[PDB]
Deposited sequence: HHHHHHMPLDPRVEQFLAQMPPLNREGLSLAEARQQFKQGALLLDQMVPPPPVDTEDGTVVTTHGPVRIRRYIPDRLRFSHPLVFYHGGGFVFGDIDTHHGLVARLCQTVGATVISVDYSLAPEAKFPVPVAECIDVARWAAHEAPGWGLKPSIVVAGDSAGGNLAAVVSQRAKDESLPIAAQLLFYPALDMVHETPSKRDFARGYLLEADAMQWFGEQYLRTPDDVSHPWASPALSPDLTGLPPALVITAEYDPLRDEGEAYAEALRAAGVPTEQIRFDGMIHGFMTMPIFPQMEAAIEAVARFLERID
């Protein structure tokens, strides 16, 4: 369908290890993008949450002007293997300042050192911590969960587990999430080479994160498999046109909508996976404005 965005096209055309080296390479790429398009200044405070699987470092972002009445809890992407609070600073800083929201960015345990479902547990525990702390920040105790890619998987799973875990969640923001590790979709078949997120990489991420191949069918790995989506938190689902994960994201949004979940589904045309941590693309800021607009309607 639609042409590639021009800046995206140029980026792809200009594109060209041990685990430690690969993690460093990912961090170096994130730094370079931040150097090209610097993040907004923002007040932050570091801390550590005691979870059921150990200490999890967090960073709380405080907006210049607080305008949104729920804390956001943000889970970074990176295939469950890469990324951290610093790689996703450019996005989180902008979410904080544009929405005018307190944001808790989470440094959950990475694979393969920690395996499925450890980060899911951690992410629930941090969300619960935030809900407990919210009144002392002058906020409502119901949280908004958010994440990109693998982080969007975590946000979606936390949301599905929330009622069972007595966790109050007001909304879920899924940025090009991974949701279905079982089924091939047309986008996954057709866009899995040459658009930054590759088939070989996704297979390797699964090998690092999952305990055994059978885990693909577990709903905490593949939340799109869950048959009952009724009563789940209001959902914003942002996809990229030329992303292998596009179709599972959009299908999940359709399923949420049909289950009576208030859902906004936005495809950014001509875009690729990862664009909301790539500030060289104006669509990153457009999508952050979509977040602000969506969250305005929650209260």
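According to the record, the deposited residues with no C-alpha atom in the structure span 1 to 5, 22 to 27.
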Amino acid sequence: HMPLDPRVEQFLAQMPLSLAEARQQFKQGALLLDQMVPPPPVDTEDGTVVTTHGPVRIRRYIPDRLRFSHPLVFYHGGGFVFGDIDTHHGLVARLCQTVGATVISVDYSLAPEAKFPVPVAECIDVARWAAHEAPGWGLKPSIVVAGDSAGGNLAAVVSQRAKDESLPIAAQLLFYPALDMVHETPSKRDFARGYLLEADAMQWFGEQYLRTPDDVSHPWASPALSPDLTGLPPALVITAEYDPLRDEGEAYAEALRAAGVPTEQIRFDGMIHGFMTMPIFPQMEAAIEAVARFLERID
From here on, numbers count along this sequence of modelled residues.
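Higher mean CA B-factor, judged across 26 to 34 and 244 to 252 from the recorded values: 26 to 34. Here the stretch with the larger average CA B-factor, out of 142 to 150 and 112 to 120, is 112 to 120.
Comparing the listed residues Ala93, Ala201, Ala178, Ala155, the entry records the largest Cα B-factor for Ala201. Of the residues listed, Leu66, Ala259, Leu236, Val50, the entry assigns the biggest Cα temperature factor to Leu66. The entry lists a Cα temperature factor for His88 that places it in the lowest third of the chain's modelled residues. For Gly136, the recorded CA B-factor ranks within the highest third of the chain. Only modelled residues enter the ranking. The PDB entry assigns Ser226 a C-alpha temperature factor belonging to the middle third of its chain's modelled residues. In the deposited entry, the Cα temperature factor of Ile104 sits in the bottom third of values across the chain's modelled residues. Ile298: CA B factor lies in the highest third for its chain, per the PDB record.
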